[PDB]
Each structure stands twice: as structure tokens, then as C-alpha cells.
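These notes are about the structure you will find just below.
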Protein chains: 2
Amino acid sequence: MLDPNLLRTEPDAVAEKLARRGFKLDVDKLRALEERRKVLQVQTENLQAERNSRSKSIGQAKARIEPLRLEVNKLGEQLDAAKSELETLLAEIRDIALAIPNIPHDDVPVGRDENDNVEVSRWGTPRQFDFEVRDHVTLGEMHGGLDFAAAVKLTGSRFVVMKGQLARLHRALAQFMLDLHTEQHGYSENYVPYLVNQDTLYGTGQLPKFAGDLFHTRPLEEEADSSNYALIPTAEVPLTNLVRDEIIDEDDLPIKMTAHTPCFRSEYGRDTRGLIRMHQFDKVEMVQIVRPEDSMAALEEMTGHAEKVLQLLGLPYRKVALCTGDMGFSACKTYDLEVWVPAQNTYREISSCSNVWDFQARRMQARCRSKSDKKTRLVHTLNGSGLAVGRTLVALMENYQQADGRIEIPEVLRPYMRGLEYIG
Amino acid sequence: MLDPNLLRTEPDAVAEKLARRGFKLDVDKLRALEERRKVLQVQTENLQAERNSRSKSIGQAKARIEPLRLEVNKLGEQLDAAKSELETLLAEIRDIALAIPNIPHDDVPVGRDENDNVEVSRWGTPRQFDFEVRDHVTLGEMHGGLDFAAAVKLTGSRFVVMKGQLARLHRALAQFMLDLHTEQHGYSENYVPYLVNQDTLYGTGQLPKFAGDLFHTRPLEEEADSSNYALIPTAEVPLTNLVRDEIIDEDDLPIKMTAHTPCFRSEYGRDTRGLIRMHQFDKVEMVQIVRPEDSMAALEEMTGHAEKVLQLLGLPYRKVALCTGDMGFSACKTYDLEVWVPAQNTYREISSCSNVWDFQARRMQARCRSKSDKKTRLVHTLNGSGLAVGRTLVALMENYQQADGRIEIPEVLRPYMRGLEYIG
Ligand SMILES: Cn1c(=O)ccn([C@@H]2O[C@H](COS(=O)(=O)NC(=O)[C@@H](N)CO)[C@@H](O)[C@H]2O)c1=O
Ligand SMILES: Cn1c(=O)ccn([C@@H]2O[C@H](COS(=O)(=O)NC(=O)[C@@H](N)CO)[C@@H](O)[C@H]2O)c1=O
Ligand SMILES: [Ca+2]
Ligand SMILES: [Ca+2]
Ligand SMILES: [Ca+2]
Ligand SMILES: [Ca+2]
Ligand SMILES: [Ca+2]
Ligand SMILES: [Ca+2]
């Protein structure tokens with residue numbers, strides 16, 4: 001959510017910044033609804049005042065009454081109707097305001113799509129192979145460790161069953177990422193719900209615009225009106241909402257959180273084969289709750305935390321600053337890490353690191369204050385993959401493959417694999 | 001599913017064994033539907049034969065035809081109607097047969113409920129405290145590590161947010177269990193889908209009788225008729241279904257599988273406070289696919305594997321043989337492990353270990369064969385908690401608490417906690 005006062009005082013300037021994302025704000029419709037809202041607000045608050053007054057006239061008459069009793073019930077009918085009308089108009093203005101993406105930061109290059117994104121840095125040298133490169137799918141079949149057909153039988157398409165040593169390697173990856181961020185990077189570990197409510201989804205921006213990208217659960221019989229849940233598309237959703245309706249002491253900031261969770265999404269034709277696009281995938285998420293003036297330094301730090309995973313694993317990658325047209329809804333500034341994928345002869349996204357500014361903090365009412373201060377202010381929120389675990393397994397398998405199909409275990413993972421050097 | 005031939009040849013003996021579970025099989029209704037089914041089966045298969053014959057009369061006439069063309073379309077109408085009627089009757093017989101629980105094994109003591117269960121063994125001596133025992137909820141609040149209120153905000157009741165060192169301890173527990181079973185007990189590790197289809201749920205016995213105990217997901221827009229899924233209530237569901245529609249070589253048995261997953265259930269008034277009853281909980285599951293003659297020896301072995309977790313963690317427990325009236329739907333024989341819970345002054349279930357016999361194997365069409373053999377036979381299936389991770393955390397916190405609220409880390413977990421001796 002954008003600052004309502006910023007929409008009221010600078011709508012054409014807001015519209016101009018949003019135009020860079022390819023988003024067209026309907027200033028006229030929004031203005032026409034807001035002008036009508038002010039008329040109905042006055043009518044309603046006048047009705048509220050007259051009802052409260054005639055109610056008080058009854059209280060002093062019933063102590064010192066049917067003609068006044070009928071008048072208060074007639075006024076009560078009219079006010080309830082007036083409030084219902086105003087609330088429908090408020091919901092309509094809300095539907096527009098909550099579908100507005102975040103204003104891009106001035107650091108963000110202007111562009112229409114992913115082809116306009118700018119490479120910032122590059123690390124490592126993609127390996128030169130002495131044999132024909134096998135993809136992770138072929139390697140998974142050779143070890144009998146990645147079974148797509150069994151997952152179609154159990155569930156359907158875009159699911160996988162991992163078996164044996166490759167399942168153990170996938171686990172070792174998540175353990176290594178969690179230990180790195182909690183031991184070296186200052187993140188606190190968390191176990192979170194994998195099902196969340198509507199308030200949580202509005203808070204981080206999945207609602208109202210991206211309901212179709214979620215798996216929704218039908219309400220429970222014994223919880224009929226309180227269990228309309230959705231599976232989390234990322235640990236960012238429950239972790240960021242931990243500060244919803246909180247006033248944090250500024251001395252307690254930054255709040256750095258990490259979690260390892262399955263991620264459920266329903267986004268065809270693109271990446272039909274393998275682990276790249278899945279309905280369920282594991283991801284080690286990093287979330288930072290910071291002071292408004294520290295968010296840009298925190299973005300650089302958190303991106304470096306995700307880069308450290310790829311460097312210790314010895315996986316060559318490139319760092320890309322996303323353009324205005326390729327950014328996600330909540331982001332004001334994003335860096336993507338793209339890992340070398342040998343069988344695809346290109347770099348593929350493995351992490352997305354964002355500064356959300358006060359966008360989710362406004363929706364959530366997540367505030368901070370210095371003990372002295374007469375008023376609070378909204379915090380800033382940041383989130384980044386450190387990393388997507390299935391895509392790391394793809395990168396690891398393809399980059400560490402041996403001529404016979406054996407997978408060399410990266411040195412940093414060997415302590416997590418009981419010192420094992422090769423799979424197979 | 002029970003053997004259909006066993007219901008046809010010994011219905012009163014089947015009914016008598018089921019009576020011990022408190023289940024009343026309607027032999028009369030089942031017999032009346034089956035007698036009618038045989039009448040409709042003859043009528044239909046006669047219509048099939050006459051349609052196939054008159055179709056063949058057209059093929060030889062169109063080479064050597066309207067009076068015969070009208071006759072085949074009239075017969076086609078009648079057969080489609082006859083098949084539709086028969087299929088409705090088959091579905092009705094199926095609804096009864098698929099709601100029949102498993103026949104108890106003769107080893108199982110006869111009883112009505114949990115008060116008729118028999119203690120087999122006991123291990124360890126419950127600790128005597130020099131202070132008032134705090135429950136895990138109070139201990140969680142003291143460390144700031146178990147937050148129920150934040151989970152209500154994120155989702156609703158029967159969810160938890162674990163923060164910091166207690167979240168790390170919960171993870172260390174699951175890592176220790178997985179390593180024990182894969183390194184010492186001969187189980188192969190697996191990554192499974194946490195959403196499953198209707199076939200999978202029928203296969204392990206959740207369907208048709210326990211749909212209300214599940215969280216169901218609404219179908220996806222782009223997968224309208226193939227995505228009616230439910231969240232898994234246990235890793236037993238996807239793991240056991242891995243052998244659905246398979247013919248296994250008997251030399252490849254036993255197939256021993258393990259997985260660590262969240263478990264989603266919707267079962268009020270009982271265990272309102274804490275981690276004992278939750279909508280989401282982690283569990284390390286053990287599944288065995290064995291030869292029919294090895295299932296009873298496998299039950300003893302798998303129960304010992306779950307006991308080994310509690311012994312290495314130094315958690316006193318009791319082993320209980322469940323009576324006929326306290327067994328779960330699929331089980332023919334079950335042992336429950338009940339861990340000492342200091343704040344409750346009793347033993348509480350932490351594991352349920354079952355021999356399912358050929359019940360799920362029949363539903364799934366999971367078979368085995370010796371290379372010589374002219375026919376196959378159904379395998380046996382077994383499943384057991386090694387263990388429920390949230391309930392292990394309860395047991396660990398309460399049994400290892402210090403006077404000031406500090407949690408002593410059990411010796412076997414110290415390598416999984418970087419050598420840390422105490423939380424706090
Ligand atoms: C398997 N798979 C997918 O199917 C889709 C995405 N990803 C990876 O997830 C990373 C993070 O996704 S995101 O870009 O939408 N950003 C977030 O979720 C934020 N909370 C930051 O993590 C992508 O970069 C993909 O690599 C999959 O792995
Ligand atoms: C948190 N919580 C619950 O809310 C309910 C049960 N449990 C534990 O789960 C164990 C296994 O559940 S079961 O008895 O239904 N059996 C199975 O699911 C089989 N697949 C074997 O694991 C119980 O023994 C409870 O300890 C919870 O922890
Ligand atoms: Ca501080
Ligand atoms: Ca992106
Ligand atoms: Ca975001
Ligand atoms: Ca063998
Ligand atoms: Ca039980
Ligand atoms: Ca069972």
C-alpha cells in the first residue's frame with residue numbers, strides 16, 4: 001500500500017513513477033470515487049451525531065417516551081443504510097489502492113522486461129566439460145534419485161519424489177544454508193505455519209491481486225468462519241507478518257529472521273522438464289525488519305549473504321539489478337542472482353533480493369519508535385532467497401557431474417554428508 | 001480393503017472378528033446389493049454381446065444397411081443405460097467395502113477403548129524434581145521461543161511459531177532422527193509431495209471414511225479437473241503409495257523408507273494448551289514394504305527403531321499394545337510408545353507403530369513375485385513414527401528443564417547443536 005496522503009497531494013507524480021513499471025493508475029476514477037466518498041462521509045457522520053443526540057434525549061426523558069423512541073429507531077434504520085452504502089464505496093476505493101504496486105526507487109534502471117535488466121557483477125568461471133553435459137533430470141534418473149513419474153502418480157505434474165542420496169543432498173543444502181545465516185550472518189531461526197489467513201496475505205501483497213497464484217484450503221467443519229487459508233508461496237509471508245500491529249523499540253532493530261520451508265505456487269510451456277518450475281519447492285528465506293534509513297545498506301548486506309552461499313558452494317553466478325518492468329509487486333529495488341546451469345548454457349535465477357521500503361509495513365501497521373519520540377514511523381522490510389533449495393540442487397548436480405554420472409559433493413557440504421566425496 | 005472372496009465365503013466369521021473393534025458389518029444389505037449386482041451383470045454382459053454381434057453384422061453387410069444401423073444405435077442406448085445403472089450399484093457396494101476397517105490380528109487383546117490397552121514394557125525412571133515443574137508452554141514463553149499468539153495472528157488456533165534456539169532444537173531433533181534411521185536402521189531417505197490426489201488417499205485408507213480429518217485444496221484454474229488435492233496427515237500417505245500398481249521382485253524386499261515432513265490434520269476441549277494436538281506438526285516417518293511372511297518380525301524391528309530414538313535421547317517411556325477398540329482403521333496390530341511428560345504426571349503417546357497386513361496393498365495393487373512364480377501376491381505394509389517431532393520437543397523441554405528454566409541439551413543432540421550444553 002502507498003501512502004494515502006502521497007496519492008492525495010502528488011497523484012500525477014505518483015502516476016509518472018508507476019508508468020515506469022508499465023502500471024497505469026486511473027487518477028480520474030480514483031478522484032471521482034474519493035469526491036463522492038467525502039459527500040457520503042459528511043452525510044453519515046451527521047446521521048451518527050443526530051442519532052447519538054436523540055439517544056441522549058431518551059436517557060434524560062426516561063428519568064424525568066414513545067414519540068422519541070420511534071424517532072431513534074427510524075434514524076437507526078437510515079444510519080445503518082448510509083453506513084452500508086459508504087462501506088461499499090470504501091471497499092471499491094480499497095480494491096484500487098491495494099492493487100497499486102510499489103513505487104520504484106530512483107536506483108532502479110527504467111525498462112519494460114527482463115531483457116532490460118542490468119548485470120552488476122559476475123563470480124566464478126563456468127566449467128569446461130570433456131564430455132556431453134547431462135541435465136539434472138538425466139542425472140536423477142541415472143542415480144534413481146529424482147522421480148517425476150512417481151510424483152505424478154502420488155499427486156500430479158510439477159511435483160517430485162527424491163529418493164536416497166539425492167534426497168539426503170537436498171537436505172544437506174538446506175542445513176548448510178540455515179547454519180550459515182544463523183551462525184555467521186546474524187539471522188534468528190524460525191519454525192512457521194505453512195498455512196496462513198487472509199490478513200497475512202493482504203499484509204505481504206499476495207492479496208488482492210495474486211489470489212490465483214495460490215493453493216487455497218476449504219474451511220474446516222469445526223472452524224467454519226475462521227479457517228479460509230492458503231499455503232505459503234514463500235517464508236517471507238509468515239516471517240514479515242510477525243511484526244504486524246507491533247510498535248518496535250528502534251534499539252531492537254534490525255530484526256533478522258530466517259526459515260526453511262516448502263513453498264507452494266501455481267503460476268505453461270516454459271521449463272516443462274525438471275526442478276526449475278515446481279508447485280512445491282524448499283527455500284531458505286532471509287527477512288530483515290529495519291529502520292527506514294538503513295534499508296538500502298541492508299539490501300547490499302542481504303544480497304551479499306545470498307552470494308556467500310554460491311561462493312562457498314563454488315557455483316559460478318552473475319548479479320543482476322532488475323529494471324522497473326521486471327520487478328515484483330511489493331519491491332522498490334531488487335537484485336537477482338543467476339547461477340550457471342551447464343545443460344542450459346546460461347545463467348538461471350536462484351535468488352531474488354528486495355527492499356520493500358514501507359509498502360508491507362503500511363499494510364501491516366508495523367512501526368518503530370525511539371523512547372523519546374512523540375510519534376512512531378513505519379519500519380522498512382526486506383526479503384531474499386538464501387537460497388531456493390531445489391534450484392541449488394539443479395546447479396550442484398549439473399556443475400559437479402563426473403563423466404560416469406557421479407556427483408562430486410562440494411567441499412563445504414562434505415561435513416553435512418558424513419565426509420562423503422561422491423554420490424555413486 | 002478386505003479380500004472380496006473372504007467376504008463372499010466367510011461373511012459371518014469376518015463380521016465376528018470386526019465385532020471386536022466395535023464395527024458392525026451389515027451382512028444382509030451387502031448380500032442384497034450383491035445378489036442384485038449379479039442379475040444386472042448378466043443383463044449388461046448379454047447386451048454387450050448382442051451389440052458386439054450386430055456391429056459385426058454391419059461390417060460384413062457394408063462390404064457385401066439402414067435397418068441394421070438403427071438396431072445398433074437402439075442397442076447402444078440400452079447398454080449405456082444398463083452400464084450406468086450397474087456402475088451406480090457397484091459404487092454403492094464399493095462405499096460399504098471401502099468403509100470396512102482392517103481385521104485385527106489374533107495377537108491383539110480384545111477391548112473397547114484406550115483403558116483396555118496392555119503395557120508390554122517400560123524404560124527409564126521419571127526424574128524427581130527439586131522445584132515445581134513448568135510445562136513446555138511456560139518454558140517456551142520464558143525463552144521467548146514458543147509463540148502461540150503470533151501463530152493465531154498469522155493463521156489461527158492450533159499453530160505455533162518457534163523462534164531462535166528452540167526452533168534450532170526442533171530442527172536438530174528431526175536431523176538426529178533422519179540420520180539414525182538412514183545410517184543405523186537401513187531406511188532410505190525421501191523428499192515427498194505434501195499435497196496428494198484422491199487415488200493416494202484411497203490407497204492408504206484416509207478415503208472414503210476420513211475426508212473431514214483433512215485440509216483440502218480448491219482446484220487450480222489451469223488444472224481444473226486434475227488438482228483436487230489434500231495436505232498429507234502423515235508421510236505414510238505418499239511413502240506407502242510409492243509401491244501403488246507395482247510388481248516388486250521379492251529379492252528387492254524389504255523396501256524401508258523414511259521421510260521428515262509437516263503433517264496436516266483437523267481432528268475439541270482435549271489438550272487445548274501446547275504442542276500435543278496441532279493442525280501442523282513435523283514427524284519423521286518409517287515405512288516398510290515387506291514379504292507377507294515377514295510383517296510380524298518387521299513390526300518388532302520398526303518398534304525397536306522408534307524406541308532407540310527415546311533411549312538415545314534419555315526420555316523414559318512405556319510400550320503399549322493397543323486393544324481391538326483403540327486401533328486405527330488400516331491397522332491389524334499396533335504398538336504405541338508413550339513418553340514421560342513431567343508437567344502432566346503421566347505418559348503421553350509419541351509414536352504409533354502398525355502392521356497393516358495386505359489392507360493398503362489390496363487398495364493400491366502393490367504386489368511381489370519370485371522370478372520362478374506363475375502368480376504374484378500382495379505385499380504387507382508397515383508404518384511407525386520415529387518420532388512425532390513436536391511431541392519429542394515437549395518431552396525434551398519438560399524432562400531436561402533446570403530450576404531457572406534453562407533447557408539442558410541431551411548428549412546425543414549436542415553434535416547437532418555445535419556442542420551447546422544448555423539453551424539459555
Ligand atoms: C521451483 N521454483 C519455482 O517454481 C519458482 C521460484 N523459485 C525460486 O524462488 C526464488 C524466490 O522467489 S521470488 O522471486 O518470488 N521471491 C520471493 O519469494 C521472495 N520472498 C524472496 O525469496 C526465485 O528467485 C527462484 O529462484 C523456485 O525455485
Ligand atoms: C501434534 N500431533 C497431533 O496433533 C496428532 C498426532 N501426533 C503424533 O503423531 C503420531 C502418529 O500419528 S498416528 O497415530 O495417526 N499414526 C500415523 O500417522 C502413522 N503414519 C504412524 O506414524 C502419534 O503417535 C502422535 O504422537 C502429533 O504429534
Ligand atoms: Ca539492540
Ligand atoms: Ca523476479
Ligand atoms: Ca517481495
Ligand atoms: Ca536384495
Ligand atoms: Ca492410536
Ligand atoms: Ca495406519
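The chains in the C-alpha cells are called A, B, ... from first to last as shown; in each chain the residues are counted from 1, and the ligands are counted from 1 in the order shown.
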
Return as an MDAnalysis selection string the residues of protein, DNA or RNA that approach ligand 4 to within 9 Å, with only C-alpha atoms and all ligand atoms taken into account.
chainID A and resid 114 322 326:328 334:336 349 351:353

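If one restricts the calculation to only C-alpha atoms and all ligand atoms, the set of residues situated within 10 Å of ligand 5 consists of residues 102, 204, 205, 206, 234, 236, 237, 327, 328, 329, 330, 331, 332, 333, 334, 352, 353, 354, 355, 356, 359, 360, 381, 382, 383 and 384 of chain A.
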
Residues of chain A within 7 Å of chain B, counting only C-alpha atoms, what are they? List them as a ChimeraX atom specification.
/A:150-151,154-155,159-164,167-168,188-193,195-197,200,215-218,238,241-242

Residue selection dump (N, CA, C and O atoms) as a tab-separated table (two decimals), in the first residue's frame:
chain	number	residue	atom	x	y	z
A	150	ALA	N	6.67	-40.94	-10.30
A	150	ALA	CA	6.10	-41.33	-9.01
A	150	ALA	C	5.29	-40.17	-8.38
A	150	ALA	O	4.24	-40.40	-7.79
A	151	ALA	N	5.76	-38.91	-8.57
A	151	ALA	CA	5.09	-37.72	-8.05
A	151	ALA	C	3.79	-37.43	-8.80
A	151	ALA	O	2.84	-36.96	-8.19
A	154	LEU	N	1.46	-40.04	-7.26
A	154	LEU	CA	1.05	-39.56	-5.93
A	154	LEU	C	0.15	-38.36	-5.97
A	154	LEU	O	-0.78	-38.28	-5.15
A	155	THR	N	0.48	-37.36	-6.83
A	155	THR	CA	-0.21	-36.06	-6.87
A	155	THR	C	-0.62	-35.64	-8.29
A	155	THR	O	-1.80	-35.77	-8.68
A	159	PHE	N	5.50	-31.78	-9.40
A	159	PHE	CA	5.89	-32.36	-8.11
A	159	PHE	C	7.04	-33.35	-8.37
A	159	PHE	O	7.22	-33.80	-9.50
A	160	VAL	N	7.83	-33.64	-7.36
A	160	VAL	CA	8.95	-34.59	-7.46
A	160	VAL	C	9.03	-35.45	-6.20
A	160	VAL	O	8.64	-35.02	-5.11
A	161	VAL	N	9.54	-36.66	-6.36
A	161	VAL	CA	9.89	-37.55	-5.27
A	161	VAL	C	11.42	-37.70	-5.38
A	161	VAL	O	11.93	-38.06	-6.44
A	162	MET	N	12.14	-37.36	-4.30
A	162	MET	CA	13.58	-37.55	-4.26
A	162	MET	C	13.82	-38.78	-3.40
A	162	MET	O	13.11	-38.99	-2.43
A	163	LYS	N	14.74	-39.65	-3.81
A	163	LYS	CA	14.98	-40.93	-3.14
A	163	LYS	C	16.46	-41.10	-2.88
A	163	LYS	O	17.25	-40.82	-3.77
A	164	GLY	N	16.81	-41.59	-1.69
A	164	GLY	CA	18.20	-41.90	-1.33
A	164	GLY	C	19.13	-40.72	-1.14
A	164	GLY	O	18.76	-39.71	-0.55
A	167	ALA	N	18.12	-37.10	-2.08
A	167	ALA	CA	17.20	-36.57	-1.07
A	167	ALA	C	18.03	-36.09	0.14
A	167	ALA	O	17.78	-35.01	0.66
A	168	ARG	N	19.07	-36.86	0.51
A	168	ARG	CA	20.00	-36.52	1.59
A	168	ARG	C	20.81	-35.25	1.23
A	168	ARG	O	21.06	-34.41	2.11
A	188	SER	N	17.97	-14.93	13.08
A	188	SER	CA	17.39	-15.84	14.08
A	188	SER	C	16.54	-16.86	13.32
A	188	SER	O	15.78	-16.48	12.42
A	189	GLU	N	16.69	-18.16	13.65
A	189	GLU	CA	15.96	-19.27	13.02
A	189	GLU	C	14.49	-19.28	13.49
A	189	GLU	O	14.23	-18.92	14.63
A	190	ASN	N	13.55	-19.71	12.61
A	190	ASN	CA	12.13	-19.79	12.96
A	190	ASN	C	11.43	-21.00	12.37
A	190	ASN	O	11.73	-21.39	11.25
A	191	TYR	N	10.46	-21.57	13.10
A	191	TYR	CA	9.55	-22.61	12.59
A	191	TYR	C	8.23	-21.83	12.45
A	191	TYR	O	7.81	-21.15	13.38
A	192	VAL	N	7.65	-21.83	11.24
A	192	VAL	CA	6.44	-21.06	10.93
A	192	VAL	C	5.26	-21.91	10.46
A	192	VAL	O	5.48	-23.01	9.95
A	193	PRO	N	4.00	-21.40	10.54
A	193	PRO	CA	2.87	-22.11	9.90
A	193	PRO	C	3.05	-22.06	8.37
A	193	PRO	O	3.54	-21.07	7.83
A	195	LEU	N	0.40	-22.66	6.40
A	195	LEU	CA	-0.95	-22.22	6.04
A	195	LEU	C	-1.11	-20.87	6.72
A	195	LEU	O	-0.73	-20.74	7.88
A	196	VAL	N	-1.64	-19.87	6.01
A	196	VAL	CA	-1.84	-18.53	6.56
A	196	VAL	C	-3.26	-17.99	6.24
A	196	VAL	O	-3.91	-18.43	5.29
A	197	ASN	N	-3.72	-17.03	7.04
A	197	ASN	CA	-5.03	-16.39	6.87
A	197	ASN	C	-4.98	-15.22	5.88
A	197	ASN	O	-3.89	-14.83	5.43
A	200	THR	N	-2.79	-11.97	6.74
A	200	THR	CA	-1.38	-12.23	6.46
A	200	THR	C	-1.08	-12.01	4.97
A	200	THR	O	-0.10	-11.34	4.64
A	215	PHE	N	-2.54	-21.84	-3.67
A	215	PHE	CA	-3.32	-23.02	-3.35
A	215	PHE	C	-4.14	-22.56	-2.11
A	215	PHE	O	-3.57	-22.07	-1.13
A	216	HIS	N	-5.48	-22.66	-2.20
A	216	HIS	CA	-6.38	-22.27	-1.10
A	216	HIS	C	-7.01	-23.51	-0.47
A	216	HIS	O	-7.39	-24.43	-1.19
A	217	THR	N	-7.13	-23.53	0.86
A	217	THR	CA	-7.78	-24.65	1.54
A	217	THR	C	-9.25	-24.32	1.85
A	217	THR	O	-9.56	-23.19	2.23
A	218	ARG	N	-10.13	-25.33	1.71
A	218	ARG	CA	-11.55	-25.19	2.01
A	218	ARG	C	-11.70	-25.05	3.55
A	218	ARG	O	-10.94	-25.70	4.30
A	238	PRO	N	4.78	-15.58	6.23
A	238	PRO	CA	4.63	-15.63	7.70
A	238	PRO	C	5.68	-14.83	8.50
A	238	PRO	O	5.31	-14.19	9.50
A	241	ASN	N	4.96	-10.89	8.49
A	241	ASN	CA	3.76	-10.67	9.27
A	241	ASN	C	3.97	-10.87	10.78
A	241	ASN	O	3.09	-10.52	11.57
A	242	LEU	N	5.16	-11.35	11.20
A	242	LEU	CA	5.43	-11.47	12.63
A	242	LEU	C	5.43	-10.08	13.30
A	242	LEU	O	5.10	-9.97	14.49

Which polymer residues have any atom within 7 Å of an atom of residue 208 in chain A, counting only C-alpha atoms, with same-chain residues fewer than 5 positions away left out, as a short mmCIF file (atom, residue, chain, number, x, y, z; two decimals) with C-alpha atoms, in the first residue's frame?
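Contents of around28.cif, freshly written:
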data_model
loop_
_atom_site.label_atom_id
_atom_site.label_comp_id
_atom_site.auth_asym_id
_atom_site.auth_seq_id
_atom_site.Cartn_x
_atom_site.Cartn_y
_atom_site.Cartn_z
CA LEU A 98 -4.46 -2.31 -2.75
CA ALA A 99 -3.85 -3.26 -6.45
CA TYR A 202 -3.02 -8.79 2.39
#

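Nearest residue to residue 277 in chain A, choosing from A:318, A:391, A:29, A:134 and counting only C-alpha atoms: A:391.
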
Rounded to one decimal in Å, what is the spacing between CA of residue 104 in chain A and CA of residue 34 in chain A?
25.0 Å

Work out how far CA of residue 254 in chain B is from CA of residue 294 in chain B, in Å to one decimal.
8.8 Å

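Going from CA of residue 136 in chain B over to CA of residue 232 in chain B, you cover 26.4 Å.
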